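Below is one structure, written out as structure tokens, with a few remarks after it.
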Amino acid sequence: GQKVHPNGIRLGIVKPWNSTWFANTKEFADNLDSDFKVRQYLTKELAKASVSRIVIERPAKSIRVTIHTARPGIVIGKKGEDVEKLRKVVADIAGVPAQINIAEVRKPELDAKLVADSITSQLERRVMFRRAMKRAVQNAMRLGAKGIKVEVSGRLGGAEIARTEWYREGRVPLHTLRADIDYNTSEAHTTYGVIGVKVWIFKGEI
Amino acid sequence: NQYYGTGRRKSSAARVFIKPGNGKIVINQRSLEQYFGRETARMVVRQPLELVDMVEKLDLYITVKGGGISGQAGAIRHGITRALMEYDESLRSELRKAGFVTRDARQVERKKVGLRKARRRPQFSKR
Amino acid sequence: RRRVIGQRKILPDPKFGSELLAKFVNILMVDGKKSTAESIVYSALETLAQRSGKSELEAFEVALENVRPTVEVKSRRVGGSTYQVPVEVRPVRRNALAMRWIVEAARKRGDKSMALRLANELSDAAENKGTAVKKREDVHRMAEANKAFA
Amino acid sequence: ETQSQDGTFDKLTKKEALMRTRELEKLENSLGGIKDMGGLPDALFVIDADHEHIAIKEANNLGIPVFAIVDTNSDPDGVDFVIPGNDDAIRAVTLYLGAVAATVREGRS
Amino acid sequence: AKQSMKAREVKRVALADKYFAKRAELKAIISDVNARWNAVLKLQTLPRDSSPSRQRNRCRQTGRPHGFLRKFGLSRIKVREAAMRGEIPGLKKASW
Amino acid sequence: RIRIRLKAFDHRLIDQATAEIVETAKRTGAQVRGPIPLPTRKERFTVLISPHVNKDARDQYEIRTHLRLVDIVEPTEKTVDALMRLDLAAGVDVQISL
RNA sequence: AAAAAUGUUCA
RNA sequence: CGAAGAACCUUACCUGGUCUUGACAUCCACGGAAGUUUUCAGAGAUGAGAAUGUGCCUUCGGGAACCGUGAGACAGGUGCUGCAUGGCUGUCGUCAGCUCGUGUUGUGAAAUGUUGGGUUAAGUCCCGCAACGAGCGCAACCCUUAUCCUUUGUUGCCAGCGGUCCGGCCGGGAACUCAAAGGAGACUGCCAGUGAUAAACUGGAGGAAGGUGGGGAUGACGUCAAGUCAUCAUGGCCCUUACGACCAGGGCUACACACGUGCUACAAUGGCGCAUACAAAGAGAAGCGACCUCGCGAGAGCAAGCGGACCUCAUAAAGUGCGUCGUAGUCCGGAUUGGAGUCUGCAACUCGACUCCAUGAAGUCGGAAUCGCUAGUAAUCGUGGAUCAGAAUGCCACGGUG
């Protein structure tokens, strides 16, 4: 198809960037790379957690790190006992000063990476696909939504006669670029090949 | 100076200070045919001036910059009668309907990826 | 189509006061450019002026509005039978077409310069050396003698 | 009904303000009395079988009692009263009007 | 990928400015276009070692030369990937 | 005198949260300069959107990187305390002169 | 209301 | 076209040198600070050496980094399946379509809606109707450009003011153009007529701009087992002293043909010689490199300036006025080749670019046939950028004329 990156649209209206910090052509490359390294380890060790956004401010080229969680469990009952360890990795990779700031999403499971990673994990334990997605679609509407639309891949069982699981639900426009829509990507993995996971949730307006 | 005019037409914008004095066109210490070579251009911008007859009775300085050759003269033509809608507001109608405070919007359009020009695309054959 | 489509109006030649003269520079347009075109216009104009102290403008006008095009063949439905309909040309478009042709005719007369062409060429008014006489013998030959209808 | 009053049902362009005005004025043209209800009446006198024939089918599938009169070319059916008559006359139609108004809230008085 | 093809590429850059570049660049007048003196000349053609003219800039996540951008230090797709997701400040679609 | 170069991406940033240093500087210094523009040093790219062939589709990029620089000029050299140590801002090139 | 065929096997 | 640059190197291909828990990963044990400068032979990979350094902490054992060796579990594979696939992209198609829920009709498949009468650029809006409601799409909502207002004035500006090395060269003024943040505006909104009094349409005005204003960006539910395992990701399959790995040379720039996509001319509406006119937008500290000196020249030296509305790249070209040549394959055109040079690189023989001179072609505007383009479009004339050590008649972008 001919497609357009969905949250790639609403940059500057209400959607931020993840590398916002001024810089020059020499270090543009370098600092970009530098962030993403540390992100890889992060998400995997914070897959005991449902994570929600990550952004960098470089306030003095001494980083910031404003990782988001949706569980507050990261910082309660391992209050810094945890977080230190993460900051430690930060220091290890980034040879400039290393500091960490943790934010919270009170939304538990709905919108952005939260329905992303959630629905992936289910496929990867081979929870009933048909019924699985259906429960995750009533859920997000319980907690309220103006409509959510997941789309996953077909070719179940490795073969194809047409049985691709689709989902639209609710109302999910994309004409108005000021009625603001969430989107994340994530991918499941199966022992017959990768399945796409793409979540398009309609909460928002400016 | 006692009447000013903008007029920005074909990417050239031209200052106009219409001064008290006498018919003459002084533009960058010269004339038209002196700030440029042979011109068709010179006649065209005198067209509003004979339209009801002026420039025998006031003096003007013009400082056009950038854009075209015709584009410069575009700017001259535009700003003089954006300073002669304010010298006369009776010919307000007779300048907008005579298309001299009308901005030309036929401006050069940009190139695209996969196209040679603004609309041009490759030829195909096989013989 | 469903709209009559034209475009912006060109300006009349400003140092002889004549739209026809300006539309004939356009005909001669060389490099995409009116400039190097206007030279030769004016060069051959003078040639004509010398031989013709009176207007040398009525040797364009007569020649080309003697020639009155009328022929093509189309078809339309009428009463439930289509018929092969011959169609007349409207008197305005006759004009519009005709002015061009004579000046189109240059750059093939195998001269050195467009002086010697357009000069000797244009001067004639009904005894043309231009395409105007050469289309006469086809337009009226055809029409109403091998054309079954208006 | 109460939105009507407010200036935010007639805000911005005419391609909104009078679009909302039209879409409501022609949505209580004849359906103004049907929004006063929330449910289903006990009775439903129709005059037709030429444009209320959907009533004489569907609401006798719900079993809601239809009383009725002829169109003079069809006999209404599904029904449980029907009358010989016409759908036009002032000794027919206009005459029956006044048994609506004086027998219905006048049934237990 | 091709881990192996990459591995190579890396080490060229160490020697590039540690046993070449100011070791080699030591030519001065008498060995360039200013002047000539065959002594010095032929004994600084004698080492070749590593060279940055035998080094491509490379993508640091592919190491192909095709469709390279200095500007981000990465290839075609390894720009576009990031950029679509809205990670990078102020890059936007053309729309003027 | 002093050159103050504010060079940042967004207009929501070169114009917003940048007034906090114009403020504090009035008292310590003796003048302010308002936010003077500059011809904006900008980019635009093209990256081939396909992973293989199809040059009919390439993603065409733009990127204004705005320049209103402000550029407070001070013969007063007592400005510096409340100017620079006190106040802070990131996402914006902060540059000072004599 | 302006002539005109032909399509190896297999989802 | 993938490939915005194939000398070697890259680069997968080839020929050769060379190796097999490995070139690349983790973990365990052994030895040893890491390293430093150097010798010989080899094409190099390397192999075999000579001296030199004795770091970081210690709880003195121990570690921390790292180097060599040992050993496997393992590792490696741009290898094969794009009909095992994700992701991406193209495609019809920027087409106005596409449905759904509820009710109803029909035994059902399905239908309705979504059809009809008008209308819209549009399943656009109105009227009507066993259809009633809702969702995706279309345009809308995002951008940008056409005026004018607001502010802010340095590296930018020069009205009006004086000075002037006469040069915005100086102060000076922020008016102005410009800059660039925030606005004003357009809404068939008004005016007439037309139209089912309906929706709506056509003219009119005013304006910078009317009736989807002009230019972007947006590809529906989907189809093409479309392309892409070699961008990347990956299911299975396969190779395992190797389909693995490391190095040197050669190839990817043959050629006996055929075709695609380009560039350049054939000329006076031009060519050449002179002088001369006006642009816009980008580039940039191993960076751009003025200047001034030499070099006919390419360019080399010498060296300032700028972190670039400062300085450098930087010098627009058609155009213009004059000089000429006369329609000749020439004064057109420029291939081919000879000889001499510049530069990037260790180094340019295959297969790097530029200049000087000499040699001076084919081609005399192109058949049958065939293609694009509706306006600042076609046309034409330059210009800059990327890529890039170093390779544009290529790609990308910008304005002039038209």
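Scheme for the structure tokens: letters A, B, ... for chains in order shown; per-chain residue numbers from 1; ligand numbers from 1 in order shown.
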Write out as a VMD selection string all residues of segment 15-123 of chain C that DSSP puts in strand (DSSP E) for this structure's backbone.
-> chain C and resid 76 to 78 81 to 83
Residues as selected, C-alpha atoms, written as a compact mmCIF listing (two decimals), in the first residue's frame, can you do that?
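Saved as again_20.txt:
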```txt
# COMPACT_ATOMS: atom_id res chain seq x y z
CA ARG C 76 -24.41 13.13 -34.30
CA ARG C 77 -27.78 11.37 -33.73
CA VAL C 78 -31.06 12.80 -35.15
CA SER C 81 -30.70 7.35 -36.66
CA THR C 82 -27.09 8.72 -36.50
CA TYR C 83 -26.04 10.23 -39.76
```
Compile the contact shell of residue 18 of chain B as a ChimeraX atom specification: residues with an atom at most 12 Å away, counting only C-alpha atoms (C1' of nucleotides), same-chain residues fewer than 2 positions apart removed.
-> /B:1-6,15-16,20-27,55,57-63,79-84,86-87 /H:159
Two-atom distance - atom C1' of residue 283 of chain H, atom CA of residue 42 of chain F (Å) =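 Taking atom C1' of residue 283 of chain H and atom CA of residue 42 of chain F, their separation equals 11.9 Å.
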Have a look at B:49, B:33, B:39, B:70 and name the one nearest to residue 39 of chain C; count only C-alpha atoms.
->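 The answer is B:39, which sits nearest to residue 39 of chain C.
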For chain H, list the residues within 6 Å of chain E, counting only C-alpha atoms (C1' of nucleotides), and write the list as a PDB file with C-alpha atoms (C1' of nucleotides), in the first residue's frame.
```pdb
ATOM      1  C1'   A H   3      23.206   2.325  -6.364  1.00  0.00           C
ATOM      2  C1'   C H   9      40.268  -0.946  -0.727  1.00  0.00           C
ATOM      3  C1'   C H  24      32.586 -11.478  14.702  1.00  0.00           C
ATOM      4  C1'   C H 143       0.489  23.157   5.269  1.00  0.00           C
ATOM      5  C1'   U H 144       1.669  27.043   1.786  1.00  0.00           C
ATOM      6  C1'   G H 216       1.495  21.289  -1.547  1.00  0.00           C
ATOM      7  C1'   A H 217       0.818  17.124   1.707  1.00  0.00           C
ATOM      8  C1'   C H 346      50.877   5.668  -0.944  1.00  0.00           C
ATOM      9  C1'   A H 389      39.242  10.828  -0.620  1.00  0.00           C
TER      10        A H 389
END
```
One-decimal distance in Å that lies between atom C1' of residue 266 of chain H and atom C1' of residue 363 of chain H =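 Pair atom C1' of residue 363 of chain H / atom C1' of residue 266 of chain H returns 6.0 Å.
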Excluding residue 112 of chain A and any residue of its chain fewer than 2 positions from it, enumerate the residues within 9 Å of it, using only C-alpha atoms (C1' of nucleotides), and give them as number ranges by chain.
-> A: 52-53, 109-110, 114-116, 182-185, 199-201
Just give me the gap between atom CA of residue 65 of chain D and atom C1' of residue 102 of chain H in Å, one decimal is fine.
->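 According to the coordinates, atom CA of residue 65 of chain D and atom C1' of residue 102 of chain H are separated by 24.0 Å.
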Counting only C-alpha atoms (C1' of nucleotides), collect the residues of chain A whose closest atom lies at most 12 Å from chain G, and write them out as a VMD selection string.
-> chain A and resid 159 to 161
Can I get the residues of chain A within 12 Å of chain E, each with the closest pair of atoms and their distance in Å to one decimal, using only C-alpha atoms, sorted chain first then ascending number, as CSV?
```
residue,atom,partner,partner_atom,distance
A:3,CA,E:84,CA,11.2
A:4,CA,E:84,CA,8.5
A:5,CA,E:84,CA,5.9
A:6,CA,E:85,CA,8.5
A:7,CA,E:85,CA,7.0
A:8,CA,E:86,CA,5.4
A:9,CA,E:86,CA,8.6
A:10,CA,E:86,CA,9.2
A:11,CA,E:86,CA,6.9
A:12,CA,E:90,CA,8.4
A:15,CA,E:86,CA,8.4
A:16,CA,E:86,CA,7.6
A:17,CA,E:87,CA,4.7
A:18,CA,E:87,CA,4.5
A:19,CA,E:88,CA,5.2
A:20,CA,E:89,CA,5.2
A:21,CA,E:89,CA,7.7
A:22,CA,E:89,CA,8.5
A:23,CA,E:89,CA,10.3
A:24,CA,E:71,CA,10.0
A:25,CA,E:71,CA,6.4
A:26,CA,E:71,CA,8.0
A:27,CA,E:72,CA,8.9
A:28,CA,E:72,CA,6.5
A:29,CA,E:72,CA,4.5
A:30,CA,E:73,CA,7.9
A:31,CA,E:72,CA,10.2
A:32,CA,E:88,CA,8.2
A:33,CA,E:60,CA,9.4
A:35,CA,E:87,CA,11.0
A:36,CA,E:82,CA,10.3
A:37,CA,E:61,CA,11.9
A:53,CA,E:87,CA,11.2
A:54,CA,E:87,CA,10.0
A:55,CA,E:87,CA,8.5
A:56,CA,E:87,CA,9.9
A:57,CA,E:89,CA,11.1
A:183,CA,E:85,CA,9.9
A:184,CA,E:85,CA,8.9
A:185,CA,E:85,CA,9.5
```
Expected file contents, prior selection, C-alpha atoms, as a PDB file, in the first residue's frame:
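File produced: part.pdb:
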```
ATOM      1  CA  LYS A   3       0.550   4.741   3.682  1.00  0.00           C
ATOM      2  CA  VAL A   4       1.478   7.755   5.967  1.00  0.00           C
ATOM      3  CA  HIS A   5       2.966   7.400   9.476  1.00  0.00           C
ATOM      4  CA  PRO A   6      -0.040   8.066  11.729  1.00  0.00           C
ATOM      5  CA  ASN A   7       1.570   9.853  14.684  1.00  0.00           C
ATOM      6  CA  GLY A   8       4.073  11.223  12.209  1.00  0.00           C
ATOM      7  CA  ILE A   9       1.261  13.605  11.271  1.00  0.00           C
ATOM      8  CA  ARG A  10       0.415  15.269  14.514  1.00  0.00           C
ATOM      9  CA  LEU A  11       3.961  16.342  15.407  1.00  0.00           C
ATOM     10  CA  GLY A  12       3.925  19.963  16.720  1.00  0.00           C
ATOM     11  CA  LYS A  15       2.741  15.222  19.556  1.00  0.00           C
ATOM     12  CA  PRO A  16       6.464  15.830  20.731  1.00  0.00           C
ATOM     13  CA  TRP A  17       9.693  14.314  19.512  1.00  0.00           C
ATOM     14  CA  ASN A  18      11.903  12.047  21.533  1.00  0.00           C
ATOM     15  CA  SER A  19      15.239  13.781  20.913  1.00  0.00           C
ATOM     16  CA  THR A  20      14.266  17.395  21.615  1.00  0.00           C
ATOM     17  CA  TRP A  21      17.574  19.264  22.441  1.00  0.00           C
ATOM     18  CA  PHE A  22      19.550  21.476  20.039  1.00  0.00           C
ATOM     19  CA  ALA A  23      22.702  20.345  18.517  1.00  0.00           C
ATOM     20  CA  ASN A  24      24.816  20.598  15.375  1.00  0.00           C
ATOM     21  CA  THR A  25      25.787  18.413  12.339  1.00  0.00           C
ATOM     22  CA  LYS A  26      28.752  16.827  14.009  1.00  0.00           C
ATOM     23  CA  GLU A  27      27.012  15.399  17.009  1.00  0.00           C
ATOM     24  CA  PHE A  28      23.462  15.139  15.470  1.00  0.00           C
ATOM     25  CA  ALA A  29      24.415  11.589  14.429  1.00  0.00           C
ATOM     26  CA  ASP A  30      26.347  10.679  17.531  1.00  0.00           C
ATOM     27  CA  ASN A  31      23.879  11.695  20.334  1.00  0.00           C
ATOM     28  CA  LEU A  32      20.962  10.125  18.430  1.00  0.00           C
ATOM     29  CA  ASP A  33      22.678   6.761  18.302  1.00  0.00           C
ATOM     30  CA  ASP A  35      20.236   7.448  23.257  1.00  0.00           C
ATOM     31  CA  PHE A  36      18.918   4.407  21.364  1.00  0.00           C
ATOM     32  CA  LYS A  37      21.678   2.142  22.636  1.00  0.00           C
ATOM     33  CA  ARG A  53       6.936   6.657  26.492  1.00  0.00           C
ATOM     34  CA  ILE A  54      10.727   7.520  26.603  1.00  0.00           C
ATOM     35  CA  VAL A  55      12.127  11.000  25.723  1.00  0.00           C
ATOM     36  CA  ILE A  56      15.469  12.734  26.200  1.00  0.00           C
ATOM     37  CA  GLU A  57      16.346  16.184  27.112  1.00  0.00           C
ATOM     38  CA  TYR A 183      -0.657   5.024  17.769  1.00  0.00           C
ATOM     39  CA  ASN A 184       2.176   2.697  18.614  1.00  0.00           C
ATOM     40  CA  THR A 185       3.668  -0.364  16.843  1.00  0.00           C
TER      41      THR A 185
END
```
Apply DSSP to the backbone of this structure and, from segment 3-142 of chain C, keep only the residues in alpha helix (DSSP H); write these as a PyMOL selection string.
-> chain C and resi 19-23+35-51+58-64+91-104+114-122+131-142
Dump as JSON, numbers by chain the residues of chain B that approach chain C to within 12 Å, counting only C-alpha atoms.
-> {"B": [37, 38, 39, 40, 41, 42, 43, 44, 45, 46, 47, 70, 104, 105, 106]}
Generate a file of the selected residues that holds N, CA and C atoms, formatted as an mmCIF file, in the first residue's frame.
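The new file part20.cif reads:
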```
data_model
loop_
_atom_site.group_PDB
_atom_site.id
_atom_site.type_symbol
_atom_site.label_atom_id
_atom_site.label_comp_id
_atom_site.auth_asym_id
_atom_site.auth_seq_id
_atom_site.Cartn_x
_atom_site.Cartn_y
_atom_site.Cartn_z
ATOM 1 N N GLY B 37 18.965 47.966 -20.405
ATOM 2 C CA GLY B 37 19.266 48.069 -21.793
ATOM 3 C C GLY B 37 18.004 48.417 -22.629
ATOM 4 N N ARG B 38 17.810 47.788 -23.854
ATOM 5 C CA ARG B 38 16.601 47.889 -24.684
ATOM 6 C C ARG B 38 15.493 47.221 -23.888
ATOM 7 N N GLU B 39 14.302 47.820 -23.952
ATOM 8 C CA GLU B 39 13.265 47.379 -23.233
ATOM 9 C C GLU B 39 11.982 47.559 -24.053
ATOM 10 N N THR B 40 11.093 46.606 -23.735
ATOM 11 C CA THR B 40 9.653 46.651 -24.126
ATOM 12 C C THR B 40 8.968 47.271 -22.841
ATOM 13 N N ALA B 41 9.583 46.792 -21.710
ATOM 14 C CA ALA B 41 9.297 46.891 -20.284
ATOM 15 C C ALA B 41 9.038 48.369 -19.974
ATOM 16 N N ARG B 42 9.859 49.296 -20.517
ATOM 17 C CA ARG B 42 9.776 50.679 -20.215
ATOM 18 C C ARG B 42 8.476 51.373 -20.504
ATOM 19 N N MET B 43 7.830 50.995 -21.641
ATOM 20 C CA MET B 43 6.558 51.471 -22.110
ATOM 21 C C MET B 43 5.345 51.036 -21.326
ATOM 22 N N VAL B 44 5.423 49.719 -20.892
ATOM 23 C CA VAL B 44 4.371 49.030 -20.235
ATOM 24 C C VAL B 44 4.021 49.725 -18.965
ATOM 25 N N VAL B 45 5.016 50.201 -18.169
ATOM 26 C CA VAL B 45 4.727 50.788 -16.785
ATOM 27 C C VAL B 45 4.370 52.229 -16.830
ATOM 28 N N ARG B 46 4.164 52.841 -18.031
ATOM 29 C CA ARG B 46 3.863 54.219 -18.266
ATOM 30 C C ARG B 46 2.484 54.289 -18.694
ATOM 31 N N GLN B 47 1.960 53.106 -19.047
ATOM 32 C CA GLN B 47 0.575 52.811 -19.293
ATOM 33 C C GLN B 47 -0.454 53.247 -18.281
ATOM 34 N N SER B 70 11.582 42.016 -16.107
ATOM 35 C CA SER B 70 10.186 42.278 -16.219
ATOM 36 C C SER B 70 9.577 42.248 -14.855
ATOM 37 N N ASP B 104 -0.161 39.939 -9.538
ATOM 38 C CA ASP B 104 0.029 38.784 -10.372
ATOM 39 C C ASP B 104 0.402 37.522 -9.591
ATOM 40 N N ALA B 105 -0.257 36.409 -9.716
ATOM 41 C CA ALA B 105 -0.065 35.284 -8.870
ATOM 42 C C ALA B 105 0.395 34.127 -9.723
ATOM 43 N N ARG B 106 0.638 34.420 -10.997
ATOM 44 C CA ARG B 106 1.360 33.462 -11.835
ATOM 45 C C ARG B 106 2.899 33.410 -11.457
#
```
When the cut-off is 10 Å and we count only C-alpha atoms (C1' of nucleotides), which residues of chain D are near chain H, given as a PyMOL selection string?
-> chain D and resi 12-15+54+58
Please provide the set of residues having any atom within 9 Å of residue 31 of chain C, restricted to only C-alpha atoms (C1' of nucleotides), with same-chain residues fewer than 4 positions apart removed, written as a PyMOL selection string.
-> (chain C and resi 36-37) or (chain H and resi 269+318+379-381+402)
Produce a file of the selected residues containing N, CA, C and O atoms (P, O5', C5', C4', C3', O3' and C1' of nucleotides), as a PDB file, in the first residue's frame.
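What follows is the written file again.pdb:
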```
ATOM      1  N   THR C  36      14.632  38.331 -28.894  1.00  0.00           N
ATOM      2  CA  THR C  36      15.243  38.018 -30.205  1.00  0.00           C
ATOM      3  C   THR C  36      14.167  37.816 -31.282  1.00  0.00           C
ATOM      4  O   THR C  36      14.451  38.052 -32.465  1.00  0.00           O
ATOM      5  N   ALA C  37      12.871  37.512 -30.894  1.00  0.00           N
ATOM      6  CA  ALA C  37      11.741  37.497 -31.790  1.00  0.00           C
ATOM      7  C   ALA C  37      11.380  38.891 -32.349  1.00  0.00           C
ATOM      8  O   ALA C  37      11.266  39.093 -33.511  1.00  0.00           O
TER       9      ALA C  37
ATOM     10  P     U H 269      17.932  36.357 -38.407  1.00  0.00           P
ATOM     11  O5'   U H 269      17.074  35.875 -37.220  1.00  0.00           O
ATOM     12  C5'   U H 269      17.376  36.420 -35.934  1.00  0.00           C
ATOM     13  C4'   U H 269      16.784  35.577 -34.766  1.00  0.00           C
ATOM     14  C3'   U H 269      17.523  34.303 -34.573  1.00  0.00           C
ATOM     15  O3'   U H 269      17.725  34.041 -33.164  1.00  0.00           O
ATOM     16  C1'   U H 269      15.238  33.794 -34.893  1.00  0.00           C
ATOM     17  P     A H 318      25.753  34.506 -21.496  1.00  0.00           P
ATOM     18  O5'   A H 318      24.382  33.885 -22.033  1.00  0.00           O
ATOM     19  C5'   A H 318      23.409  34.716 -22.597  1.00  0.00           C
ATOM     20  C4'   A H 318      22.112  33.988 -22.879  1.00  0.00           C
ATOM     21  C3'   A H 318      20.980  34.861 -23.575  1.00  0.00           C
ATOM     22  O3'   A H 318      21.123  34.937 -25.009  1.00  0.00           O
ATOM     23  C1'   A H 318      20.097  33.750 -21.758  1.00  0.00           C
ATOM     24  P     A H 379       9.249  21.799 -21.874  1.00  0.00           P
ATOM     25  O5'   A H 379       9.721  22.949 -22.851  1.00  0.00           O
ATOM     26  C5'   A H 379       9.543  22.991 -24.246  1.00  0.00           C
ATOM     27  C4'   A H 379       9.799  24.369 -24.804  1.00  0.00           C
ATOM     28  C3'   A H 379      11.087  24.899 -24.288  1.00  0.00           C
ATOM     29  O3'   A H 379      12.133  24.413 -25.037  1.00  0.00           O
ATOM     30  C1'   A H 379       9.496  26.532 -23.962  1.00  0.00           C
ATOM     31  P     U H 380      13.378  23.630 -24.496  1.00  0.00           P
ATOM     32  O5'   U H 380      14.303  24.879 -24.174  1.00  0.00           O
ATOM     33  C5'   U H 380      14.686  25.746 -25.269  1.00  0.00           C
ATOM     34  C4'   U H 380      14.998  27.137 -24.662  1.00  0.00           C
ATOM     35  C3'   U H 380      16.117  27.134 -23.611  1.00  0.00           C
ATOM     36  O3'   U H 380      17.344  27.151 -24.379  1.00  0.00           O
ATOM     37  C1'   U H 380      14.241  28.264 -22.828  1.00  0.00           C
ATOM     38  P     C H 381      18.624  26.686 -23.586  1.00  0.00           P
ATOM     39  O5'   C H 381      18.889  27.799 -22.524  1.00  0.00           O
ATOM     40  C5'   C H 381      19.489  29.094 -22.945  1.00  0.00           C
ATOM     41  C4'   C H 381      19.803  29.977 -21.747  1.00  0.00           C
ATOM     42  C3'   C H 381      20.572  29.220 -20.634  1.00  0.00           C
ATOM     43  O3'   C H 381      21.985  29.227 -20.907  1.00  0.00           O
ATOM     44  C1'   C H 381      18.744  30.343 -19.734  1.00  0.00           C
ATOM     45  P     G H 402       9.674  38.061 -20.776  1.00  0.00           P
ATOM     46  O5'   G H 402       9.267  36.619 -21.319  1.00  0.00           O
ATOM     47  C5'   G H 402       9.607  36.095 -22.590  1.00  0.00           C
ATOM     48  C4'   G H 402       8.998  34.709 -22.739  1.00  0.00           C
ATOM     49  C3'   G H 402       7.529  34.674 -22.255  1.00  0.00           C
ATOM     50  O3'   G H 402       6.699  35.149 -23.367  1.00  0.00           O
ATOM     51  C1'   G H 402       8.695  32.892 -21.308  1.00  0.00           C
TER      52        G H 402
END
```
Would you list which chain B residues are within 10 Å of chain F using only C-alpha atoms, as a list in words?
->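 Per the criterion, chain B yields residues 112, 113, 114 and 115 of chain B.
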Find the spatial neighbours of residue 90 of chain A, counting only C-alpha atoms (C1' of nucleotides), within a cut-off of 8 Å - ignore same-chain residues fewer than 6 positions away - and output them as a ChimeraX atom specification.
-> /A:38,98-99
Report as an mmCIF file with N, CA, C and O atoms, in the first residue's frame all protein, DNA and RNA residues lying within 12 Å of residue 89 of chain C, evaluated on only C-alpha atoms (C1' of nucleotides), omitting residues in the same chain fewer than 4 positions from it.
```cif
data_model
loop_
_atom_site.group_PDB
_atom_site.id
_atom_site.type_symbol
_atom_site.label_atom_id
_atom_site.label_comp_id
_atom_site.auth_asym_id
_atom_site.auth_seq_id
_atom_site.Cartn_x
_atom_site.Cartn_y
_atom_site.Cartn_z
ATOM 1 N N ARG C 68 -11.949 31.653 -45.995
ATOM 2 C CA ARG C 68 -13.045 31.475 -45.110
ATOM 3 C C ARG C 68 -13.210 30.026 -44.958
ATOM 4 O O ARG C 68 -14.059 29.381 -45.567
ATOM 5 N N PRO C 69 -12.570 29.335 -43.946
ATOM 6 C CA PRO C 69 -12.673 27.934 -43.714
ATOM 7 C C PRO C 69 -14.072 27.457 -43.311
ATOM 8 O O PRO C 69 -14.861 28.320 -42.906
ATOM 9 N N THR C 70 -14.450 26.132 -43.590
ATOM 10 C CA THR C 70 -15.828 25.816 -43.338
ATOM 11 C C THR C 70 -15.909 24.315 -43.138
ATOM 12 O O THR C 70 -16.893 23.934 -42.563
ATOM 13 N N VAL C 71 -14.811 23.550 -43.454
ATOM 14 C CA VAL C 71 -15.056 22.112 -43.632
ATOM 15 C C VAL C 71 -14.484 21.371 -42.535
ATOM 16 O O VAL C 71 -13.370 21.649 -42.062
ATOM 17 N N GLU C 72 -15.171 20.333 -42.018
ATOM 18 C CA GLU C 72 -14.647 19.084 -41.351
ATOM 19 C C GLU C 72 -15.798 18.108 -41.479
ATOM 20 O O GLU C 72 -16.859 18.522 -41.863
ATOM 21 N N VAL C 73 -15.708 16.783 -41.130
ATOM 22 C CA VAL C 73 -16.895 15.887 -41.052
ATOM 23 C C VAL C 73 -16.901 15.074 -39.707
ATOM 24 O O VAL C 73 -15.887 14.502 -39.341
ATOM 25 N N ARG C 93 -13.978 31.961 -35.568
ATOM 26 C CA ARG C 93 -12.819 31.119 -35.455
ATOM 27 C C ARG C 93 -12.040 31.030 -36.717
ATOM 28 O O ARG C 93 -10.821 30.806 -36.757
ATOM 29 N N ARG C 94 -12.727 31.319 -37.797
ATOM 30 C CA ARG C 94 -12.145 31.639 -39.089
ATOM 31 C C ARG C 94 -11.107 32.687 -39.014
ATOM 32 O O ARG C 94 -9.886 32.427 -39.256
ATOM 33 N N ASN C 95 -11.422 33.890 -38.536
ATOM 34 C CA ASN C 95 -10.500 34.979 -38.133
ATOM 35 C C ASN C 95 -9.253 34.612 -37.377
ATOM 36 O O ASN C 95 -8.132 34.607 -37.903
ATOM 37 N N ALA C 96 -9.430 34.155 -36.087
ATOM 38 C CA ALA C 96 -8.521 33.717 -35.074
ATOM 39 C C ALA C 96 -7.460 32.826 -35.637
ATOM 40 O O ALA C 96 -6.270 33.022 -35.274
ATOM 41 N N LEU C 97 -7.797 31.805 -36.449
ATOM 42 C CA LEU C 97 -6.969 30.821 -37.112
ATOM 43 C C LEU C 97 -6.115 31.534 -38.135
ATOM 44 O O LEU C 97 -4.890 31.479 -38.178
ATOM 45 N N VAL C 139 -9.866 24.876 -49.636
ATOM 46 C CA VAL C 139 -10.977 25.136 -48.812
ATOM 47 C C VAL C 139 -12.329 25.176 -49.538
ATOM 48 O O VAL C 139 -13.282 24.530 -49.059
ATOM 49 N N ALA C 143 -15.388 22.439 -50.248
ATOM 50 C CA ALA C 143 -16.722 22.821 -49.767
ATOM 51 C C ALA C 143 -17.806 22.859 -50.830
ATOM 52 O O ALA C 143 -17.535 23.422 -51.901
ATOM 53 N N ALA C 150 -24.312 21.807 -45.083
ATOM 54 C CA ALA C 150 -23.676 22.784 -44.297
ATOM 55 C C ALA C 150 -23.039 22.133 -43.079
ATOM 56 O O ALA C 150 -21.809 21.881 -43.081
#
```
